[PDB]
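Lettered A, B, C and D in written order, each chain numbered from 1.
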């Protein structure tokens, strides 16, 4: 039988239920257990631990508790300060570390036991930069939220040194949801073409404050850096004449992918969130779409490797895992067509820089696909 | 007697001797032991460990080895990925963590047991931004090296949204010291006013490549973000008619501070570095000036706290240190006039945002102080 | 057999080995002895003497010692005050005097027994004057070193009486290598187009002081009067955007001439000079290229004259040498294609005014031939 | 008694009698022999030899014949190529060498046994350059004759690099007295302020060709570099309204100096020269005034040195003369008020740079003294 024990480190939600990434890790393990074509001989169990996500010492202790109990791969702790502490544990002891969120990989880590299923912002910032040239902009305002967002969109800030733009980089207020003094300066400065680097939970809150201001007109164009633009209640903004361009990697135009998302709204349901937030009700974010994908791409690697045995390692007496070198190379050479499209990894550094996007814009009917991005091709926009 | 045991985590230099920060930690402990006014009853020993500085798992093990052996404060492991792993250990177990280098404090860490003696780049980027307005620039090029340098100078990038500039943000080549294709684009683009965000070991290498190009003339003006501009062999550049503006926090205009630097060249000497690098020979960097200061500011706190006892804590069974709360508040409320001037800490977050700079520029004679920055006052430039 | 005894008077180098002209005289005699097409029946020996070069009385005694011992031609003592003393001895006693350096021939010497293989500055100063008109200059600064340099470039100083220029004649400092107060006046006076009349050992020292000043830019253009511009380490000046125009008579674009220069670096090698001089290592100067040529052009004359016998003459009882009139006319009517190109003499005064130059300028790759001068044609510059 | 034997080397005039310098050497020896205050115990004889003046080998043989016969000082052979051959003989054997003509002393001769009684052109070219500033010229034409005249007036050519002039340097025709095509270009170019660097035998021939042209008017001003401007028949040019400025060192405004010149016209007389030359008849040139002075200044040195004995030296077995060091220092420290004024020598190099001139210009009456030059003072022009 040989039950595998893919471990995971997730957020400790105090009041509410388990998070969307923790549900998607439980849903993807149960899907492979029920289905019989993928892994027809083995079953998957899990060892999910809950941390604060903002404490590298709690993430380091529970990652060593999973390797002492014996796991095969750690599914990342969702945060830059916490994943860097668990990445180096997984490097030292040979166990893979599967990342589904963006993290600043500094250019001096010689770490090899990690892959990142999140679309890398060296590729995404070229997708925005191609998109501002299709629209023939010459005056752009980038509004980010946290200081790490300069590292994300740095290929867009280095654009007036090459192309013909003038970037005016602005930042959202750090403490409050009171971005109206930001939007007053953007209205007085006549900044009609704006790029927002913020999550869809925050991008929904800016659009209410841009509607309370006089900024949702036929003159304003908003490109959103988030991949969850198909999660917003856009009904107050369809008839304004705005354009709200963005991307979508979640391949919701298949009968197989949408069937999983239609099943997703059932088991998640459990008191859906607040009504005064401009998001939808039944929707899978791309944060939980990549955790459903992260279990399956590694499941390609355990399918092509039947001699696998989960060992029990110790952090104090660290030894590399016996099959760690080959099993890491089977993850980096794994191809899969998951919810977010084709999943191929970067052979140099282990990232995900080759992926397919879907350019979506706001029409009178709603968010509609008007193109397709591809790092080999570029914007094939059939608008 | 009560010997204290200030611990430290430093770089493992393989071929050469101990690093400049490790010498400055040994020199500052031996200075307080020899001198009798500061701590007239106690002596200081140390437990210096050597790590890779790019491995958070090695820094986490040796920080727990110091707390198992029993230390009073950890002097930081000199790097963003390594200090974040040791900051959270020192937070969980109550021991202070003394930082002498800049690190991206994310806005969600609820850590309290850390202070940073490095001048914070929220204050330094206002010192550069005041300096480009004294010089009445309207066209600025910021050249950084690593992607974290956008977080450092982010108050300068958000300047064309307020003032009258146009920033053209550029980046040094990531792999090679071959910044001449960068300097060709800056020469063809007619970019005479340049800000360099790079270390003085790299800023010396850019000036050779700006002299090999036709870019050291009476038209080019270079502001350096580094505080070690008074460490460069500037003899090939005095007569060019260039201006090389910068800052200096190392208060080398006192008979007491310069006496320590004159003693510094003796015990450090030990095969001084390569001749094909445009730096000086006998000089203390500001990286080792802040480690000499870091021992003394905490020595103010052990002077005002005689009931101190060093305990032995364990990371697996983590308990806060018995005097950790009061001793951390005595470090944050400690004032000291060290090598880098007056040392007062930020009462909100524990940083160092209130400090005195010395604006230095290049004249025909050499680097000469032409002003003084102060967050309360601003540029008092008697040029 | 009839061994010939071409004599020579050279510099007494005290510390180091024999000079470059004395090596080239030994190398050219040994080449004709080894080769069998030129002089297939006779061999050449030599009687090299060493003087101070600045004492006409020592040069006069050793020239009479060579004629008492019996020579066929004296190869000149490399200096104006010393060669004039030996020219008149060779005139009185019929022996030829072969000159390879420039000397002020006053317009009243009725001397006939001398030829000069150095390119005459009545022709060279027209080559510079054609070159400042191809570049369309209207404001020229001539910087010479010694007062004889006005006689050299006098056809360039008499140019504003004919053409449209304004010469500002300046002089290098007489005692020191401290030409920076000269270069300050040329920088404050905005003198971008400069002609340097100095040797390549001194022209390498001016370019360091023009790089220490802000004067190696894309605005400054330097014409060098020396013919050894292809002997300078030009690597610090390739990327500056400067132009460094000059000439080259040493025909280094043949497989036969460069083969001799490739053999030249072997026997000369013998502790190559100082590293703090901006010259190359393996190179033949045009001062030693003309001494290799001086032996061969006279070897054309002994090939066309087999009845030659070397006699023994006395200066106190001076008698013309028996074959002095015919053998001098065979040297003046000798054609040879040596290292410096075709070697034909002026039939009026015995000089060398008909010769081929190669206009070389500084590109990004290095010194590159961009034309060809010729007294019949002029500048055929395929730049 | 101790008869001294001051030797001399002069011109071999074939057809006519002895030259003006040879008469002045015979006249000055006979004057000191007749007079009894100067040298009241010793008499002077001489050993005058005649050379071609353009042959350094004939000058070298007869200088060794005088030292073999035994002389005390050689009075120079009047020419640059011949005096350099005799200067080095007198240096090697200790005998002084008294020069009365200008010669290019190169900056590398370490010769000590020579003095020059001719007014040095480093001082004279400052006297012309002060004179063109008193007259407030801004456009100057320098017309020289031979290429050595650039070395003479080089402090005047380097003037537009300091002051406000524009020099147009021209040259007289080398072969013919046909300077009218030169004067046509100076008339068409409107060059009214001209400096002539030529002898008074040639300056008289230019003024006929400037009178045959339309160039002797009230618009043309001619400064003459020669010191024999008070030797020209100026009667055709008094009423033209020209100005002909110049200098005079021959102190013809004393009753003692003019008495010697009135005696000079008696013994010289001997078929006075051609009538078609615009010079006077009874006049002493400054070339023969300095040879009368050269015997007397050395006669000061033999008066202050009674233990002198003339020895007999050989050039082939050269030994320094026994009293050569002290007797040379008595010549350089000798003061005399001769025909040309006060005679003091330059203590550094042995030249004559401290002397008194008399600025003379052309009035309606004739050449009239209008000032006085002095290197300490400058132009004290009481015009």
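One rule holds in what follows: contacts are C-beta pairs under 8 Å (C-beta built on N, C-alpha and C of every residue); 3 or more make two chains touch, one makes a residue touch a chain.
**Student:** For chain A and chain C, which third chains touch each of them?
**Tutor:** Touching chain A as well as chain C, we find B.
**Student:** Approximately how many whole Å separate the CA-defined centres of chain A and chain D?
**Tutor:** Those two chain centres are 99 Å apart.
**Student:** Could you put a whole-Å number on the gap between the CA centroids of chain B and chain D?
**Tutor:** Chain centroid spacing, chain B to chain D, equals 75 Å.
**Student:** Suppose each chain is reduced to the average of its Cα coordinates; what separation in Å results between chain B and chain C?
**Tutor:** So the centre of chain B lies 59 Å away from the centre of chain C.
**Student:** With centres defined as the mean C-alpha position, give me the chain C-chain D separation in Å.
**Tutor:** Chain centres of chain C and chain D, defined by C-alpha means, are spaced 35 Å apart.
**Student:** Quick one: do these chains touch in a line, a ring, a star, all-to-all (complete), or other?
**Tutor:** Shape of the chain contacts: a line, open at both ends.
**Student:** Which pairs of chains touch each other in this structure?
**Tutor:** Chain pairs that touch: A-B, B-C, C-D.
**Student:** Enumerate the contact residues on chain C facing chain D in the complex.
**Tutor:** Where chain C meets chain D, its residues are 54-58, 60-61, 80-81, 84-85, 87-89, 91-92, 104, 106-110, 146-148, 150-151, 154, 157-158, 160-161, 166-171, 174, 185, 189, 315-316, 318.
**Student:** Tell me, which parts of chain C touch chain B in their complex?
**Tutor:** The contact residues of chain C facing chain B are 180, 187, 211-214, 216-218, 236, 238-242.
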